[PDB]
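Quick notes on the structure that follows.
Just so it is clear, the values below take in all heavy atoms, side chains as well, and ignore hydrogens, waters and symmetry mates. Proteins come first, then strands; the chains are lettered A, B, ... in the order of their sequence lines, and each starts at number 1.
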Amino acid sequence: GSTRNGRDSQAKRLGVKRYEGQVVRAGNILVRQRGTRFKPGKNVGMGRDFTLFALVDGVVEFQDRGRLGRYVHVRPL
Amino acid sequence: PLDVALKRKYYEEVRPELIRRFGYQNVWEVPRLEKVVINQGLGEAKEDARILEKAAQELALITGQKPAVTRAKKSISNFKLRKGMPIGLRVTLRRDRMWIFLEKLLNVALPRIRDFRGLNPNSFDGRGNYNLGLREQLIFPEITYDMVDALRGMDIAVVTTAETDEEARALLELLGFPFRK
Amino acid sequence: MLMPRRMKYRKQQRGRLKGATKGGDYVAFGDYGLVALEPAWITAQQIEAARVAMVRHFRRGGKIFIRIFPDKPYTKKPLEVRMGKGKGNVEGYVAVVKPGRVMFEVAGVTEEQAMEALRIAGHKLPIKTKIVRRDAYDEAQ
Amino acid sequence: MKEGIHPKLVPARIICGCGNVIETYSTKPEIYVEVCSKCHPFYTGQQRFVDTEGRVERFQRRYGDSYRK
Amino acid sequence: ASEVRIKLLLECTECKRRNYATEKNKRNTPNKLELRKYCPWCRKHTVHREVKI
Amino acid sequence: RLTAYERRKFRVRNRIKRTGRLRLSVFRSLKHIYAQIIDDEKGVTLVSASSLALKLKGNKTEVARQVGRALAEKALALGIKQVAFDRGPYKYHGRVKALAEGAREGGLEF
RNA sequence: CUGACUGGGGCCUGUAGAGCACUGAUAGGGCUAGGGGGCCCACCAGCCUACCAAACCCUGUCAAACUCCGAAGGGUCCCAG
RNA sequence: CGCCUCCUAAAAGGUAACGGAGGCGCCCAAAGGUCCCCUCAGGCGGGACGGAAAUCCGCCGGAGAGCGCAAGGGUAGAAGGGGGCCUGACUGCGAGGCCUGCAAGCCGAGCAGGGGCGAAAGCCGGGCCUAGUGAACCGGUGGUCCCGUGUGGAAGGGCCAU
RNA sequence: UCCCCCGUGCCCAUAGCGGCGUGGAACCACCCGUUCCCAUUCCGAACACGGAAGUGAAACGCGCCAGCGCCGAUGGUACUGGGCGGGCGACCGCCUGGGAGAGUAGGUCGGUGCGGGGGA
RNA sequence: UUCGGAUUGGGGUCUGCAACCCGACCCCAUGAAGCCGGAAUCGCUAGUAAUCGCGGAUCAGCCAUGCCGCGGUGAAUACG
RNA sequence: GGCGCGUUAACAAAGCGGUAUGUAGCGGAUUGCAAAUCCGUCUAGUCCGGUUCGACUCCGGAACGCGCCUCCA
Ligand SMILES: [K+]
Ligand SMILES: [K+]
Ligand SMILES: [K+]
Ligand SMILES: [K+]
Ligand SMILES: [K+]
Ligand SMILES: [Mg+2]
Ligand SMILES: [Mg+2]
Ligand SMILES: [Mg+2]
Ligand SMILES: [Mg+2]
Ligand SMILES: [Mg+2]
Ligand SMILES: [Mg+2]
Ligand SMILES: [Mg+2]
Ligand SMILES: [Mg+2]
Ligand SMILES: [Mg+2]
Ligand SMILES: [Mg+2]
Ligand SMILES: [Mg+2]
Ligand SMILES: [Mg+2]
Ligand SMILES: [Mg+2]
Ligand SMILES: [Mg+2]
Ligand SMILES: [Mg+2]
Ligand SMILES: [Mg+2]
Ligand SMILES: [Mg+2]
Ligand SMILES: [Mg+2]
Ligand SMILES: [Mg+2]
Ligand SMILES: [Mg+2]
Ligand SMILES: [Mg+2]
Ligand SMILES: [Mg+2]
Ligand SMILES: [Mg+2]
Ligand SMILES: [Mg+2]
Ligand SMILES: [Mg+2]
Ligand SMILES: [Mg+2]
Ligand SMILES: [Mg+2]
Ligand SMILES: [Mg+2]
Ligand SMILES: [Mg+2]
Ligand SMILES: [Mg+2]
Ligand SMILES: [Mg+2]
Ligand SMILES: [Mg+2]
Ligand SMILES: [Mg+2]
Ligand SMILES: [Mg+2]
Ligand SMILES: [Mg+2]
Ligand SMILES: [Mg+2]
Ligand SMILES: [Mg+2]
Ligand SMILES: [Mg+2]
Ligand SMILES: [Mg+2]
Ligand SMILES: [Mg+2]
Ligand SMILES: [Mg+2]
Ligand SMILES: [Mg+2]
Ligand SMILES: [Mg+2]
Ligand SMILES: [Mg+2]
Ligand SMILES: [Mg+2]
Ligand SMILES: [Mg+2]
Ligand SMILES: [Mg+2]
Ligand SMILES: [Mg+2]
Ligand SMILES: [Mg+2]
Ligand SMILES: [Mg+2]
Ligand SMILES: [Mg+2]
Ligand SMILES: [Mg+2]
Ligand SMILES: [Mg+2]
Ligand SMILES: [Mg+2]
Ligand SMILES: [Mg+2]
Ligand SMILES: [Mg+2]
Ligand SMILES: [Mg+2]
Ligand SMILES: [Mg+2]
Ligand SMILES: [Mg+2]
Ligand SMILES: [Mg+2]
Ligand SMILES: [Mg+2]
Ligand SMILES: [Mg+2]
Ligand SMILES: [Mg+2]
Ligand SMILES: [Mg+2]
Ligand SMILES: [Mg+2]
Ligand SMILES: [Mg+2]
Ligand SMILES: [Mg+2]
Ligand SMILES: [Mg+2]
Ligand SMILES: [Mg+2]
Ligand SMILES: [Mg+2]
Ligand SMILES: [Mg+2]
Ligand SMILES: [Mg+2]
Ligand SMILES: [Mg+2]
Ligand SMILES: [Mg+2]
Ligand SMILES: [Mg+2]
Ligand SMILES: [Mg+2]
Ligand SMILES: [Mg+2]
Ligand SMILES: [Mg+2]
Ligand SMILES: [Mg+2]
Ligand SMILES: [Mg+2]
Ligand SMILES: [Mg+2]
Ligand SMILES: [Mg+2]
Ligand SMILES: [Mg+2]
Ligand SMILES: [Mg+2]
Ligand SMILES: [Mg+2]
Ligand SMILES: [Mg+2]
Ligand SMILES: [Mg+2]
Ligand SMILES: [Mg+2]
Ligand SMILES: [Mg+2]
Ligand SMILES: [Mg+2]
Ligand SMILES: [Mg+2]
Ligand SMILES: [Mg+2]
Ligand SMILES: [Mg+2]
Ligand SMILES: [Mg+2]
Ligand SMILES: [Mg+2]
Ligand SMILES: [Mg+2]
Ligand SMILES: [Mg+2]
Ligand SMILES: [Mg+2]
Ligand SMILES: [Zn+2]
Ligand SMILES: [Zn+2]
């Protein structure tokens, strides 16, 4: 009822922040996620909250490897 | 390796008879003896006594190997037992020590059981293994009445390379296991 | 009267009555079926009113298949209360029925018995219905 | 084989009441028993003990028959 | 934090300066915490000991 | 299903390939020992050595040390110095350890 | 000249619908751990059920907080008007 | 009445109601770092006391277990179980970003000092992740030796830590 | 350039489960031992070392099989971006562009790169 | 427990037309409770109490540890 | 309708995440007999669903019972 319910939490604005083909600088945040929905590929690091960030300047590339998961790469120029 | 008579007898009288009866074309098809696992489910040494030491010493004398402690995987009220507490012992015998223990069991341990009428022929695992249960520990030759403080039993697991009960049964009777009709 | 024995959630949102029926569109158990022609919430009371009418009309013989179940909770606010203060209390259960859904079937009766029993059962329901008999199309499914 | 925790096995003999001597390895170099596999009744075929009459519980007594037939 | 889980300071045993603040459960860990930490004053790793906050 | 052997192999090698170096992969059978230098980016083998090709016979730990020297001597002529040692399912010990020291003594940076 | 809008190209998504692989719900029948009585019998067990019901098999369904699936669209970047 | 999780929410993000359901105001000295090893729940069969269920053996079983606490996401090619050595639960910073009215909140490569584990490649600036929290003012304690009301001190302030 | 074996990749079940057959010259494995390096909360089972009496039984590799599993059209439909209408309402039609899921036919007992050893 | 002798298994004797319901006794095996008894309650003043054995009636046999008798050994205490 | 509380055996009535009482009832003692008195003994957590190794006990629901509020018009 109006006494039992009525609570919620703030929205977290998760999701992919840079899509394939976009040009990124080193440090750019690529994915915000809970757990490894996407996995860190080449020249990609993962933070303590599973945030994926670019390690070098370059071009974002997404890859699906079936049972091995979905990977995000950065290909240098 | 110590020249045990039981291992000698298996290679001299048992193996040639087994291939005669079952017609194995490979010398590795004939059932072998893998290991013997002796388990003592004490259960009385959970928290009322550290009497695991008394049983560990007795088990080491019978088999020549110091046994290992097994702990409870979870807590159960009906047994008044908590997770992680020691409630048993286990020793694994392989190779020469395996042969030595079975020779004593078949010759000087089983004959000392009260009202022995043979082993259970329906205790075969169904895939080529055997298990038997003992109630007394003083039947073993190294145990005397003087150092016996409490009565304890054990389970003995006999593991073979045989695939079926009928082939595992044949190895055991020739080895010397006496069975009820 | 039918209702679920257990429920994950006590209350449901009022959905939508769009589209033709999803499943249960062909006669599968009996010989004669009653088919819905327009959408509605069919209450548990209406289902039991229709079933008992067929039982009485089928003196001795007959087997009845009810192919719908009222799993959706139905909520109502108490009389003389204003809007707000949370969702109303559960008062009954309904089955969501869409056009083409076979609601009842009968077996073990003659043709004359089946048509009269299904006709009376339809008068207990808030929607237009039609009586159908099992055919090759039902067996083809 | 860990060291310091296992009793070292030595060659040993087990002597039975029937004079049988079994040669093995044990932690005690001389053992005496009261029954072995070569004299236990269940092993030596039947070795009928104090009970050997099959309980003779049937009519196998004939209980006289001096009475009239 | 709580009455049982308390806040504490870590003090360098060579220059006596408090360099780190942390916590512990004083029932689980009744004895004083001793840990090796970098002392920026000593510019090297030294043994630090628990002191009251 | 996977065995402890297969899980061990994956766990060790996934860590190695993360660094992006050239991996020195060692295979140790009951008879011989084999070494490859692999570039995972292209998936090609740069240099390979073994006791089977060199016909080395003797104490296995002694044999493995000479295989490491030959692989190291082969590697430097091709301009390779920096590698990562991939032990796979083997413990860093015994024959596998002897090959690593032999490679290091021959002038390989790892 | 970078704009709204539009064209091509890549990537992101879990709604509509649908489905039952998961979690719950659920109709009929078959087979049966365990239930109610039962021919009973406590010396000892099977059996009877047009009374329930676990798993399992067949047939048949439901879901905002179910998903083995999954659009139309939408978002974003690059180039072009 | 603040905070976290799911739905409503119309397949980017965001989105209301006295709409539908649940949690938090902690904790861990290891439940942290690293190296090494290991892999579940369940079912079936066998085994002294011993059973629905203790410990033991064999077979099937790919994640239905576990991961301190809600829910969701994630996860055995470990984030789960065990052991050895340790304190990086660092100091000084910080390119670049996410988020965003402000203020807050969040991720972070790399460089220097001095370390831990490892043969090494390497990893380590707490914790599988998202709740466990409170601006400024006023004052307390430790350090620093910056100011010190004619001058040298002192009183009292500042700065750094809490 | 052909074939066999060994090691390491990629695509991520059309690659799998299950059934049957086959391989020891070479390789690989099982195997023989535990003095030595190393090791078992007990066990040379595992990890490790020293070898060559035996065997391809197990494991592994290679072949055949569509029982299960997985892949899966065409056609049609559901739904729908945009444009128009109907119905008291619940809801429903038409035009234009897009277009599933399930089911059916059917397919599949992998494909491919690099290195090394051997034979033709 | 070499205390205690209940219960039960087995082998027998005798009486009686007949020992199953339902006799007594012998032998072998079994070897229960019971460690001096709660509130309470009974007998007894001397050859008495206590303790030990023996006979008789009924009666084929006997469930008699009952009853009626007989003798052996032999106390304590009574202030009031 | 809102808010708060309670359900224990023969009755009245307590504490407790793991273990009552008083008066009765029943067997014995005493008494000519009953009562009184004395010696012993004794019957449980409203129901369903959860959490937990473990629930009369902690949480959710349902039923019944009790207490207070229900006003400005
Ligand atoms: K109607
Ligand atoms: K332009
Ligand atoms: K389902
Ligand atoms: K686009
Ligand atoms: K550093
Ligand atoms: Mg709620
Ligand atoms: Mg709340
Ligand atoms: Mg909301
Ligand atoms: Mg928000
Ligand atoms: Mg939210
Ligand atoms: Mg996204
Ligand atoms: Mg973390
Ligand atoms: Mg076997
Ligand atoms: Mg509505
Ligand atoms: Mg609706
Ligand atoms: Mg359907
Ligand atoms: Mg309603
Ligand atoms: Mg409302
Ligand atoms: Mg309502
Ligand atoms: Mg319908
Ligand atoms: Mg700090
Ligand atoms: Mg390595
Ligand atoms: Mg839908
Ligand atoms: Mg679907
Ligand atoms: Mg339902
Ligand atoms: Mg059914
Ligand atoms: Mg459905
Ligand atoms: Mg729906
Ligand atoms: Mg649906
Ligand atoms: Mg969901
Ligand atoms: Mg859905
Ligand atoms: Mg332009
Ligand atoms: Mg507020
Ligand atoms: Mg707050
Ligand atoms: Mg949207
Ligand atoms: Mg998106
Ligand atoms: Mg959204
Ligand atoms: Mg608004
Ligand atoms: Mg508004
Ligand atoms: Mg409110
Ligand atoms: Mg709301
Ligand atoms: Mg919740
Ligand atoms: Mg709460
Ligand atoms: Mg909080
Ligand atoms: Mg702590
Ligand atoms: Mg943790
Ligand atoms: Mg951890
Ligand atoms: Mg799980
Ligand atoms: Mg909780
Ligand atoms: Mg989870
Ligand atoms: Mg998992
Ligand atoms: Mg695995
Ligand atoms: Mg550790
Ligand atoms: Mg430090
Ligand atoms: Mg800001
Ligand atoms: Mg950093
Ligand atoms: Mg370092
Ligand atoms: Mg960390
Ligand atoms: Mg979350
Ligand atoms: Mg959270
Ligand atoms: Mg906190
Ligand atoms: Mg102020
Ligand atoms: Mg101030
Ligand atoms: Mg201040
Ligand atoms: Mg100060
Ligand atoms: Mg002045
Ligand atoms: Mg001055
Ligand atoms: Mg001065
Ligand atoms: Mg001052
Ligand atoms: Mg100061
Ligand atoms: Mg200050
Ligand atoms: Mg400060
Ligand atoms: Mg190979
Ligand atoms: Mg596929
Ligand atoms: Mg030695
Ligand atoms: Mg084979
Ligand atoms: Mg077709
Ligand atoms: Mg199609
Ligand atoms: Mg199509
Ligand atoms: Mg449309
Ligand atoms: Mg259209
Ligand atoms: Mg739409
Ligand atoms: Mg449209
Ligand atoms: Mg179209
Ligand atoms: Mg389709
Ligand atoms: Mg399709
Ligand atoms: Mg296939
Ligand atoms: Mg006695
Ligand atoms: Mg009689
Ligand atoms: Mg007694
Ligand atoms: Mg005594
Ligand atoms: Mg009396
Ligand atoms: Mg007198
Ligand atoms: Mg008497
Ligand atoms: Mg009462
Ligand atoms: Mg009580
Ligand atoms: Mg009482
Ligand atoms: Mg009483
Ligand atoms: Mg009384
Ligand atoms: Mg009286
Ligand atoms: Mg009376
Ligand atoms: Mg009385
Ligand atoms: Mg007013
Ligand atoms: Zn003998
Ligand atoms: Zn210092």
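Contacts of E34(E) classified as side-chain hydrogen bond (donor to acceptor under 3.5 Å, both in side chains), with partners at least two apart in sequence or in another chain: none. In this structure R6(C) satisfies the side-chain contact (heavy atoms from CB on, under 4.5 Å) test with no other residue, sequence neighbours excluded. For the side-chain hydrogen bond (donor to acceptor under 3.5 Å, both in side chains) test, no residue two or more places apart in sequence or in another chain qualifies with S48(F).
Side chain to side chain, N131(B) and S123(B) fail the donor-acceptor criterion of an N or O pair below 3.5 Å. Using modelled atom types, one finds a donor on one side chain and an acceptor on the other under 3.5 Å when comparing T24(D) with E103(B). With 3.5 Å as the limit, one finds no donor-acceptor pair spanning the side chains of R152(B) and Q40(B). Side chains of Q36(F) and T45(F): a donor-acceptor N/O pair is present below 3.5 angstrom, by distance only.
Using a 4.5 Å heavy-atom cutoff, the side chains of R112(B) and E136(B) are not in contact. Contact annotation: the side chain of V16(A) approaches that of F38(A) to within less than 4.5 Å [non-hydrogen atoms, C-beta and beyond]. Inter-residue side-chain proximity for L30(A) and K17(A) is flagged as unmet; no heavy-atom pair is nearer than 4.5 Å. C39(E) places none of its side-chain heavy atoms less than 4.5 Å from the side chain of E14(E). Between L134(B) and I139(B), the closest side-chain pair of non-hydrogen atoms falls below 4.5 Å. When side chains are defined from C-beta on, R97(B) does not count as touching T63(B), because their heavy atoms never get closer than 4.5 Å. Put simply, the side chain of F27(F) does not reach to within 4.5 Å of the side chain of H32(F), judged on heavy atoms.
At least one cation-pi condition fails for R37(A) and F50(A): the charged atom is not both under 6.0 angstrom from the six-membered ring centre and inside a 45 degree cone around its axis.
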| said: Working note: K17(F) + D86(F), criterion salt bridge (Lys or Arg N to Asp or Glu O under 4.0 Å); need CA distance, chi angles, decisive distance, verdict. | reply: CA-CA 9 Å; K17(F) 316 230 199 94; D86(F) 153 31; over 6 Å; no

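Other residues, nucleotides and ligands place more than 12 heavy atoms under 6.0 Å from the CD atom of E101(F). Crowding of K44(E) atom NZ: a count of heavy atoms from other residues, nucleotides or ligands under 6.0 Å exceeding 12. Counted within 6.0 Å of CD on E3(E), heavy atoms from surrounding residues, nucleotides or ligands total 12 or fewer; the atom is thus considered open. Shown here is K32(E), whose NZ atom has more than 12 heavy atoms of other residues, nucleotides or ligands within 6.0 Å.
A side chain to side chain contact (heavy atoms under 4.5 Å, CB included) with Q63(A) is found for one member of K39(A), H73(A), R70(A), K42(A) and no other, namely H73(A).
Between the side chain of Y90(F) and the main chain of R28(F), a donor-acceptor pair closer than 3.5 Å is present. Not one N or O on the side chain of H6(D) forms a donor-acceptor pair closer than 3.5 Å with the backbone of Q65(B).
Across every non-hydrogen atom of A54(A) and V74(A), the tightest pair is CB-CG2, 3.9 Å. The minimum heavy-atom distance between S50(F) and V67(F), with the atom names listed, is C-CG2, 3.8 Å. The two atoms that bring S29(F) and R95(F) nearest to each other are O-NH2, 2.6 Å, heavy atoms only. Residues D3(B) and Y25(D) come closest through the heavy atom pair N-OH, 3.3 Å. Across all their heavy atoms, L132(B) and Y130(B) have their closest contact at CD2-CE2, 3.6 Å.
Salt bridge present: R18(E) and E11(E) bring a charged side-chain N and a carboxylate O closer than 4.0 Å.
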